[PDB]
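Each chain is listed here by its residues.
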Amino acid sequence: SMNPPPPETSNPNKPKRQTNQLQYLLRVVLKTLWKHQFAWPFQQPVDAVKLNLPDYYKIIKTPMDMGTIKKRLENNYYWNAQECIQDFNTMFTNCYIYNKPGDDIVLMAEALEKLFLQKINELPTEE
Ligand SMILES: Cc1[nH]c(-c2cccc(N)c2)c2c1C(=O)CCCC2
């Protein structure tokens with residue numbers, strides 16, 4: 001069994017900028033979710049080999065995790081906040097696609113997503 005290569009966190013050909021919204025996403029949003037008790041399944045890519053999930057990457061074609069997001073934010077990978085928000089929503093969506101309602105992992109994603117939504121509600125004005 002085989003995992004795919006993880007999502008890229010560096011791309012010198014990709015335009016990039018530092019914005020106050022992106023710093024908020026690192027310093028407030030990512031920090032809030034990273035320290036949560038339910039964060040650990042989401043801090044790195046899903047290892048479908050060790051987890052014995054050979055169908056994971058057959059179903060999930062856009063994997064995403066907070067470890068990748070953290071490195072992308074720290075490496076200034078993004079152009080705008082929307083790109084980073086999309087990555088967060090992709091990671092939650094993957095969890096809901098692959099798992100059953102009521103699975104513990106879904107309850108964990110749900111709790112993180114609630115905090116995510118509470119924090120992005122106060123995303124500062126782009127300035
Ligand atoms: C998001 C997610 N994370 C992890 C996991 C579990 C233990 C260790 C590591 N690194 C990752 C899983 C998962 C799923 O969606 C499928 C359900 C269980 C596996």
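Residues numbered from 1 in each chain as written, not as in the entry; some residues may be left out. Heavy atoms only, no water. Residues with missing side-chain atoms left out of burial classes, pairs and counts.

- The chain is annotated in the PDB entry as Bromodomain-containing protein 4 from Homo sapiens.
- The title field of the PDB entry reads "Crystal structure of BRD4(1) in complex with the inhibitor MPM2".

## So, the site of the ligand
Item 1. Within the structure, the ligand sits among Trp40, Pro41, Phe42, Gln44, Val46, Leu51, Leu53, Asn99 and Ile105.
Item 2. Contact distances for the ligand include 2.8 Å between a nitrogen atom and a backbone N or O atom of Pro41.
Item 3. Taking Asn99, its side chain carries an N or O atom lying 3.0 Å from an oxygen atom of the ligand.
Item 4. Burial of the ligand by the protein chains amounts to 77% of its free accessible area of 430 Å².
Item 5. When the residues that make up the shell around the ligand are grouped by side-chain class, the tally is seven nonpolar, two polar and no charged. (Near = heavy atom within 4 Å. Polar contact = N/O pair within 3.5 Å; in protein donor to acceptor, adjacent residues only side chain to side chain. Areas by Shrake-Rupley, 256 points an atom, 1.4 Å probe, with all protein chains shown as cover. Nonpolar A, V, L, I, M, F, W, Y, C, P; charged D, E, K, R; others polar.)

## Focus: the packing of aromatic side chains
Item 1. Throughout the structure, instances matching the rule amount to five aromatic pairs.
Item 2. Centre to centre, the rings of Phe92 and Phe116 are 5.7 Å apart; their planes meet at 55 degrees, and the pair counts as tilted. Here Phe92, found in helix α4 (residues 81–98), pairs with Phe116, found in helix α5 (residues 104–120); they are 24 residues apart in sequence, far enough to count as distant. Across this residue pair, the class does not change: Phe92 and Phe116 are buried. (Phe/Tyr/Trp six-rings, centres within 6.5 Å; stacked < 30°, edge-to-face > 60°. Helix = DSSP H or I, 4+ residues; strand = E, 2+ residues; numbered from the N terminus. Buried < 20%, exposed > 50% of the residue type's maximum accessible area, 1.4 Å probe, protein only.)

## Section: helix α3 (residues 66–74)
Item 1. Structurally, the start of α3 carries an N-cap: the backbone nitrogen of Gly67 is 2.9 Å from a side-chain oxygen of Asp65.
Item 2. Once α3 ends, the next one or two residues include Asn76, with phi positive near 50 degrees.

## Considering the pattern of salt bridges
Note on pairing: side chains with opposite charge can pair once their charged atoms come close.
Item 1. Inspection of the entire model under this criterion finds four salt bridges.
Item 2. The closest approach of N and O atoms between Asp87 and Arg72, which form a salt bridge, is 2.8 Å. Taken together, the residues span a long stretch of sequence, with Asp87 in helix α4 and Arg72 in helix α3 at a distance of 15 residues. For the pair shown, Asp87 and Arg72 are each scored as buried. (Salt bridge = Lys/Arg side-chain N within 4 Å of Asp/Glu carboxyl O.)

## Topic: α5
Item 1. Over its 17 residues, α5 extends 24 Å from the first C-alpha to the last, a length consistent with the 24 Å expected when each residue adds 1.5 Å.
Item 2. Listed in full, the buried residues belonging to α5 are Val106, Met108, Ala109, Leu112 and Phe116. All buried residues of α5 fall inside an arc of 150 degrees around its axis, so they share one side. Looking at α5, the residues exposed on the side facing more than 90 degrees away from the buried face are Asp104 and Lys114.
Item 3. Buried-residue contacts for α5 involve α1 (20–34) and α4. (Expected span 1.5 Å × (residues − 1). Arc of directions from axis to C-beta. Contact = heavy atoms within 4.5 Å.)

## Brief notes about the side chain of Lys14
Item 1. Within the secondary structure, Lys14 is located in the segment before α1.
Item 2. We classify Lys14 as buried; its relative accessible area is 17%.
Item 3. One polar contact links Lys14 to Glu83, side chain to side chain, over a distance of 3.1 Å.

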